[PDB]
Amino acid sequence: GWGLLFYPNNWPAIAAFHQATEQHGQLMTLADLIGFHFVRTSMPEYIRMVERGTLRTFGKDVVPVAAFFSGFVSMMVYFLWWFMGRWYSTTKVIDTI
Amino acid sequence: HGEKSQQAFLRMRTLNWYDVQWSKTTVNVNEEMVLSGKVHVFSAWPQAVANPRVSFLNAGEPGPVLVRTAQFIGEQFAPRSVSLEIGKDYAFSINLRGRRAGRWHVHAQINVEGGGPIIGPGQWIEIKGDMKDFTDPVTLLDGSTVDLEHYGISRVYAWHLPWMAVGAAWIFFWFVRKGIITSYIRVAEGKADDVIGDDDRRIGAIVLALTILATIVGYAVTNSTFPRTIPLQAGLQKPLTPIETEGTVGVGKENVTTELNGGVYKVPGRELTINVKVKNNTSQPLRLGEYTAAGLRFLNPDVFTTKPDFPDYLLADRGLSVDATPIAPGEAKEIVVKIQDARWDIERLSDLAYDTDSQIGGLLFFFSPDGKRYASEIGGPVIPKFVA
Amino acid sequence: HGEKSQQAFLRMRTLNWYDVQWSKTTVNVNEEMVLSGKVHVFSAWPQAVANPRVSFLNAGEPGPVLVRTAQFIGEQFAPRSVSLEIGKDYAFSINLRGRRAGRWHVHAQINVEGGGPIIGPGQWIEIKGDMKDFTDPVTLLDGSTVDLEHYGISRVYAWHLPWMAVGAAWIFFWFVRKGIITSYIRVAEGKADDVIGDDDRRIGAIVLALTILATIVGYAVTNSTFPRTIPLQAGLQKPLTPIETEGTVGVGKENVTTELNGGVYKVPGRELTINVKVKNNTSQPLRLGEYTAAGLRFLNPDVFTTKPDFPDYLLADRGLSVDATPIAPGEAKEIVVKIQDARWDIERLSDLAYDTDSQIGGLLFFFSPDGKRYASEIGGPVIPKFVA
Amino acid sequence: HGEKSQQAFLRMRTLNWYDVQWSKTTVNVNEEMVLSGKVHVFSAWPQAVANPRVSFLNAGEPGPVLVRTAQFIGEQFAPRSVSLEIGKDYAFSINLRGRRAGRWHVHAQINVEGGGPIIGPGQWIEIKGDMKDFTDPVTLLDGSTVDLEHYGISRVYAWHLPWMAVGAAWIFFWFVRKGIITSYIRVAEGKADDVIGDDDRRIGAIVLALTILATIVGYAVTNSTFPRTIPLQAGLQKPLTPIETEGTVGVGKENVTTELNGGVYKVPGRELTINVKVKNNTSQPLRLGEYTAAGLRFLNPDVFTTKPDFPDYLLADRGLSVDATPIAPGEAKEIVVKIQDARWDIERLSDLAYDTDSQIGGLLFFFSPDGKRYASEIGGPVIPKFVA
Ligand SMILES: CCCCCC(=O)OC[C@H](COP(=O)(O)OCC[N+](C)(C)C)OC(=O)CCCCC
Ligand SMILES: CCCCCC(=O)OC[C@H](COP(=O)(O)OCC[N+](C)(C)C)OC(=O)CCCCC
Ligand SMILES: CCCCCCCCCC
Ligand SMILES: CCCCCCCCCC
Ligand SMILES: [Cu+2]
Ligand SMILES: [Cu+2]
Ligand SMILES: [Cu+2]
């Protein structure tokens with residue numbers, strides 16, 4: 001649920017920026033326009049590492065697929081980091097360092 | 001503004017900026033200024049810098065002091081990454097808009113995917129007015145107009161701050177109901193069951209149900225508003241159309257073709273005695289008038305009688321030694337060019353000795369008796385002259 | 001058959017299929033049918049899909065219901081991967097052979113190495129007969145003829161099944177000689193030496209010697225048979241030869257050159273009002289007659305008087321609005337094209353709003369007063385029209 | 001010298017060496033010999049070998065028996081990596097200098113970044129003299145001349161050996177002051193404090209201060225000497241200029257264009273009956289006279305009346321069967337070429353059956369009634385003939 005609840009609980013804050021706008025005969029989102037307007041020096045467009053399309057995505061399920069994927073990869077990470085937090089809670093005292 | 005620290009041979013052998021102009025030097029808030037120019041992609045693209053096959057046009061400025069309303073390169077609107085072909089020339093133009101009062105140094109900049117930033121000429125822009133008077137504004141597909149300076153921030157606050165408050169309230173509730181030391185001692189004394197046990201679990205489940213309800217209600221409510229949204233638009237653009245006039249080295253039946261046959265740069269110093277084999281190839285008597293290395297316009301004093309309008313830190317009106325002799329037409333001869341100006345050392349191009357490839361690059365500009373200008377790409381190894 | 005789920009802009013901006021034909025709709029077992037056509041590689045190849053530099057021609061069918069006896073692309077026999085150059089047109093042909101009785105939807109398909117499958121037009125093929133009557137057959141280098149449906153299976157069984165039986169016998173021998181519970185208890189009671197100890201090791205070494213002997217004997221025996229074998233033949237093929245007639249956009253002195261200047265697609269709906277700047281460039285009065293997006297043949301009702309022979313699910317005889325006015329020759333004018341058909345929504349091309357790049361692509365076909373056809377590649381951004 | 005073990009189809013379909021010459025067969029110490037030639041990059045570059053976009057020209061010899069003073073390829077001095085474009089022809093020349101007395105087999109070699117070494121023709125070079133008489137020498141920028149055979153070695157010794165001696169002295173000092181067994185027992189008996197404790201730490205700190213002082217003094221002293229140094233010069237060179245005469249397959253208005261239509265190589269044997277479709281395209285009656293596969297010059301006995309001066313292990317004066325009929329001009333006809341020589345099997349080109357791609361490659365040379373030579377690239381699949 002930590003993964004499946006990420007997008008739904010973030011949608012209220014980012015939906016307003018996904019409204020479509022027309023810029024010089026081209027479709028652009030409000031978020032894309034905001035990023036394009038307020039110039040960042042060392043942040044080109046090509047590095048965005050976002051969903052740029054793919055030939056075996058089957059439409060209308062990109063977000064459900066991603067949310068589930070983060071859902072169970074979290075279980076591995078949750079397990080590892082729970083035990084890492086256990087280790088960081090150690091009271092062991094070593095004789096010499 | 002940090003182009004001085006970049007390596008010299010990479011600066012002069014990746015992009016050759018020319019015809020760079022700033023529409024206005026002093027601008028007001030909400031007033032539009034256009035930064036345009038042409039860029040030549042060096043034929044001998046360095047191995048260190050990746051191919052310009054994926055690149056982005058940008059305005060080099062200290063933050064969003066000027067809002068970019070639109071930018072074009074290769075006769076295309078380019079809000080996303082574009083492809084630059086090696087050896088071609090491209091025309092770019094950026095429509096800026098004043099946002100922050102002050103004096104800012106605004107550069108023309110292109111970023112290569114595997115190379116990094118390439119900084120072109122920069123000019124000081126004076127901006128007058130107040131920040132609070134700034135409005136973009138932009139229009140939506142439905143026809144409504146919004147102000148990107150303030151739009152959407154209220155909704156983001158109204159969704160984020162209440163949840164942070166809820167989390168803080170949850171933490172403080174569990175901290176005051178059960179103390180830290182008290183609950184730790186309780187757990188350590190074996191009884192880690194009277195520290196947390198229903199009715200505590202009932203409070204937890206009530207909180208979870210309310211949170212899920214708010215998330216579902218919030219998701220549904222924000223779906224009634226903005227019922228038609230689109231995903232982020234991303235991806236490399238279609239191939240650009242290079243410049244074809246006149247030339248624009250590499251285009252047209254009439255063009256100068258130059259080849260470097262050795263050079264000498266005084267280290268430390270400011271001289272660059274380069275031997276250039278000029279084939280002129282064209283029809284009108286041509287005389288060398290300008291050498292743009294990394295944007296630095298070294299203009300030949302004779303041809304360039306009037307000093308042009310260009311940022312002083314790059315405009316060097318002392319690109320001396322051409323031949324004082326029109327070379328064209330049809331004649332292939334070797335001329336000696338003696339680039340010498342303090343800017344060559346200021347912009348720190350004299351640091352070519354520190355680089356791992358002692359090679360120069362840039363554009364050579366030849367002019368007719370009339371105003372016709374012919375561009376030629378020059379580049380090759382040069383030899384340092386170690387002065388004591 | 002799953003091309004509907006693929007993203008629209010990737011489908012219409014990677015490969016543009018045209019002239020796709022199926023030799024026979026109804027075929028018998030062991031009867032040959034040929035699926036041929038031409039494919040155009042879009043000039044603005046998307047960044048999402050890797051370069052078609054490594055690609056494979058394939059027949060899209062539900063399993064080997066039709067056996068592929070040979071396939072050609074670019075005037076080359078192509079059983080291995082081939083290279084497709086961006087912007088070129090290639091002719092392909094696949095020689096299929098009926099194997100399984102039924103009604104199958106057979107597509108033309110090309111797979112890109114880093115992109116995946118690209119599915120072309122598909123046609124229903126009726127296959128009559130029985131599976132057991134199917135024989136390929138193929139001929140060896142020595143001249144002998146074998147039937148690939150059954151060849152080699154007997155040898156594989158005769159080598160694999162006896163070894164599985166031997167392994168099962170070994171397991172059961174050690175399981176009955178020493179029990180599981182019995183040997184576990186014996187080992188746990190310290191005496192893990194009377195559970196396994198020579199003569200047990202002698203039986204093990206006899207088994208190993210026999211196994212090695214059988215492997216050596218089996219290897220030598222299967223070397224007497226098939227004494228001359230070759231390694232698997234693999235590797236990218238030599239570059240293909242594109243189409244040169246007539247055109248075949250991009251070839252010949254006579255060609256139409258179109259450029260999109262904005263478009264509107266109703267979401268949800270089926271319309272696509274695209275403004276096309278047509279330069280006609282050719283010699284005979286040309287009139288738009290067809291628009292193949294992802295194989296969907298949207299034919300202009302006027303020019304295409306007779307509805308052609310093409311899978312109904314793609315053949316839309318309602319590509320309306322050209323101008324009802326021959327544009328050629330020499331004239332460059334802007335025409336308004338109104339693509340509208342239910343197939344545009346059935347094939348989920350209307351789902352372009354869901355994609356991360358609202359851009360269309362495809363081929364525009366113009367026709368002379370006679371039957372001469374001129375192809376032009378169209379593509380660019382379009383703007384969705386959100387309707388109730 | 002190990003080119004025999006390389007795969008045949010990779011050898012014959014990557015680089016086609018021709019016009020390879022050695023200036024001198026017998027050379028003295030400190031005497032210069034030039035190894036030059038031309039290389040053709042096969043159009044159908046194999047997928048197994050990476051692109052020749054990054055490649056290095058080298059002299060294949062058993063160690064530095066011959067010192068390379070300079071090498072050129074593509075009309076460029078090439079001490080660093082260069083780019084080879086697929087389908088082009090390049091001229092190379094290496095200036096060698098005798099260093100070690102003996103008889104050495106010196107090859108021409110080009111290395112591809114992702115492919116590895118490609119070995120060209122090799123010739124036996126006899127070197128007379130003594131090693132101790134060898135001097136390069138080279139000149140510095142300041143004008144001083146040094147001998148690279150011995151320069152800098154004394155300084156390297158004088159800096160390295162004393163530090164190794166210091167380390168050995170430190171180890172022996174601590175080993176004799178405290179024994180190994182003695183200190184181990186002392187540490188194990190709890191008292192690991194009287195084994196190391198000031199004044200021991202004082203000695204350690206004195207050693208460290210002296211070492212730091214020597215490093216700083218050594219660094220400063222070696223900065224007074226050689227006050228002007230440069231970093232290592234590295235990087236891919238500018239694009240090369242291919243050959244344009246005459247042709248040089250792929251260049252000029254006059255050229256032969258050949259296409260393989262099947263071949264048969266006897267395994268085991270030495271024959272290669274290849275069916276070649278020759279279009280001659282040129283103006284003078286042309287007759288096939290030579291086939292360079294992997295450097296192996298299979299010369300047609302008729303045209304090549306005089307056997308030339310090429311390494312015997314590659315020079316096969318039995319490239320029989322052309323047609324004994326001048327084919328040019330304007331006529332496109334199919335000729336049968338029967339390559340047969342023991343060298344085809346000695347050089348393990350007959351091992352093409354072992355390769356994963358039974359495909360041949362190389363260059364076909366046609367000659368006029370006069371000495372004019374026209375080159376054509378031949379390549380394609382061949383079928384092995386399994387004989388007893
Ligand atoms: C439900 C799986 C429990 C795995 C932990 C366990 O049984 O102990 C094994 C080992 C040794 O733990 P030990 O010293 O026995 O301490 C017991 C206390 N816990 C259970 C917190 C490790 O614990 C770890 O270091 C974590 C291994 C899994 C993540 C990589
Ligand atoms: C988790 C409970 C609250 C959200 C319930 C809902 O209707 O959202 C599911 C819906 C499922 O996606 P779908 O309707 O297929 O596509 C909508 C895509 N967006 C959100 C970008 C418009 O939206 C999501 O993508 C959120 C992540 C998955 C949570 C189960
Ligand atoms: C369980 C119902 C699935 C609805 C269509 C597919 C959505 C993506 C889920 C992985
Ligand atoms: C960052 C975690 C490293 C391990 C912590 C100490 C482990 C104690 C083992 C008892
Ligand atoms: Cu600056
Ligand atoms: Cu189908
Ligand atoms: Cu050798």
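All ligand and atom numbering here is 1-based and tracks the order in the structure. Sequence lines set the chain letters: A, B, ... in the order given, protein chains first and strands last, and positions in each chain run from 1.
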### Message
So for atom CG, which belongs to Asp130(D), do other residues, nucleotides or ligands contribute more than 12 heavy atoms lying within a distance under 6.0 Å?
### Response
yes
Heavy-atom contacts under 4.0 Å to ligand 4, chain-then-number order, include exactly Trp87(A), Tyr88(A), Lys92(A)
Cation-pi between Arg13(D) and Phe42(D): NZ/CZ under 6.0 Å from ring centre and within 45° of the ring axis?
no
Any chance you could lay out the side chain to side chain contact (heavy atoms under 4.5 Å, CB included) test for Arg318(D) and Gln340(D), step after step, and finish with the verdict?
CA-CA 7 Å; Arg318(D) 269 314 117 165; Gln340(D) 166 176 50; over 6 Å; no
task = Could you walk me through whether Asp89(D) and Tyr18(D) pass the side-chain hydrogen bond (donor to acceptor under 3.5 Å, both in side chains) test, one step at a time?
result = CA-CA 10 Å; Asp89(D) 285 63; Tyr18(D) 62 101; 2.5 Å; yes
Please assess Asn58(B) against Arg68(B) for the test side-chain hydrogen bond (donor to acceptor under 3.5 Å, both in side chains), listing each intermediate value before the final yes or no. CA-CA 9 Å; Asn58(B) 204 55; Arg68(B) 170 174 49 190; 2.9 Å; yes
- Using distance alone, with no hydrogens and no angle criterion, decide if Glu113(D) and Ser55(D) have a side-chain donor and acceptor under 3.5 Å apart. no
Practice task
Answer yes or no for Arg270(D) and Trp344(D): cation-pi contact, defined as NZ/CZ to six-membered ring centre under 6.0 Å and angle to ring axis within 45°.
Solution key: no
Do other residues, nucleotides or ligands put more than 12 heavy atoms under 6.0 Å from the CG atom of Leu80(A)? yes
Does a sphere of radius 6.0 Å around OH in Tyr354(D) hold more than 12 heavy atoms from other residues, nucleotides or ligands, not counting ones at 6.0 Å or beyond?
no
Given a cut-off of 2.8 Å, the protein N, O or S atoms lying below it from the Cu ion (ligand 5) are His1(B) ND1, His105(B) ND1, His107(B) NE2
